[PDB]
Amino acid sequence: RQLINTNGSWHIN
Amino acid sequence: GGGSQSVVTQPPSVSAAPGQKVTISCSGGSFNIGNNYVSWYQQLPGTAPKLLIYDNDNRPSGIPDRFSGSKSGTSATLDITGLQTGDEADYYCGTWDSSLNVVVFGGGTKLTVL
Amino acid sequence: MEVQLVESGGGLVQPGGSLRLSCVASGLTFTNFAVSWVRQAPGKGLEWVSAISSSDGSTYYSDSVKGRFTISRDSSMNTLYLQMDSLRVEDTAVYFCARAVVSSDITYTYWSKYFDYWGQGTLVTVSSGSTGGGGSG
């Protein structure tokens, strides 16, 4: 998929 | 308070007789439904909300296929066929909003089966 | 084994006061998931409030609770908390603990955040008993 699970991180920026 | 406006809008109520089909839509904007993935929840009276659909159209393991979701543009829709009295509940779509930086939930739709 | 996300600490409090909610997972893991608190005011819809990352402990808040609420976890690894200070009547609501599945594309622009399990929730009522119109909120 285009999506990739962050494995527990609510956000990344 | 009284009446108001929502970031993501849903009809206040939907109804149909047992066996019929019902559709609940969510209308948002580019920063929420337009660019992010939508999920749908069933909140039975006095009950913990439960996930019905995730990533626009996926169904979690224990959810019957008469529940389905789709996304188009800044809009999303939840389809429920073979309506049953146990389906009476409040339904919410949910999505990340890249502008407000919160998961925004639609205003809610009260499903009556009659 | 029963599967449970149990919240508690809800109660009646005067505006300006404080409360601490706790959420305890049983029969489910927090490993590889984030966790959020979501509330529902009297007769209203679901509103996201705060979240914590199980990975690095990063914390996040809606603008309406910033500076007043504090989300945290302890070494049990299956428990989180929501300290609520300087409470306001509009903070009145049922507070749900909900496990989050989080994903994004490689450029961190497109996001998928959904809640795959929720607790029954705990009720928080902030009022002096005086409201001018029915219940508090």
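No hydrogens, no waters, no symmetry mates; every other heavy atom, side chains included, goes into these values. Here is how names work: the chains are called A, B, and so on, in the same order as the sequence lines, proteins then strands, and each is numbered from 1.
Most heavy-atom pairs under 4.5 Å with chain C, from the set B/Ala48, B/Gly46, B/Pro49: that is B/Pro49. Your options are C/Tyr61, C/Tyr60, C/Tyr110, and the one with the most heavy-atom pairs under 4.5 Å with chain B is C/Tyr110.
With a 4.5 Å cut-off on non-hydrogen atoms, B/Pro60 does not touch chain C at all. At a 4.5 Å heavy-atom cutoff, C/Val94 makes no contact with chain B through either its backbone or its side chain. Contact annotation for B/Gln10: neither backbone nor side-chain heavy atoms come within less than 4.5 Å of a heavy atom of chain C. Looking at C/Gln40, the atoms closer than 4.5 Å to chain B (heavy atoms on both sides) all sit in the side chain, from C-beta outward.
Taking CH2 of C/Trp118 as the reference point, atom OH of B/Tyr41 lies at 6.0 Å (rounded to 0.5 Å).
No more than 12 heavy atoms of other residues, nucleotides or ligands shown are found within 6.0 angstrom of CZ on C/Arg20.
For residues 71-107 of chain B, a heavy-atom distance under 4.5 Å to chain C picks out B/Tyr92, B/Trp96, B/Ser98, B/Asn101, B/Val102, B/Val103, B/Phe105, B/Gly107, given by residue number. Along residues 119-137 of chain C, the residues that come nearer than 4.5 angstrom to chain B, judged on non-hydrogen atoms, are C/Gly119, C/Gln120 in order of number.
When all heavy atoms of B/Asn36 and C/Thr109 are compared, the closest pair comes out as ND2-O, 3.9 Å.
Contact of the B/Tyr54 side chain with the C/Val101 side chain is not registered, since no non-hydrogen atoms from C-beta on lie closer than 4.5 Å. Looking at heavy atoms from C-beta onward, C/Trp111 lies out of side-chain contact with B/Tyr37 at the 4.5 angstrom threshold. Side-chain contact between C/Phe115 and B/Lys50 is absent, with no heavy atoms from C-beta onward closer than 4.5 Å.
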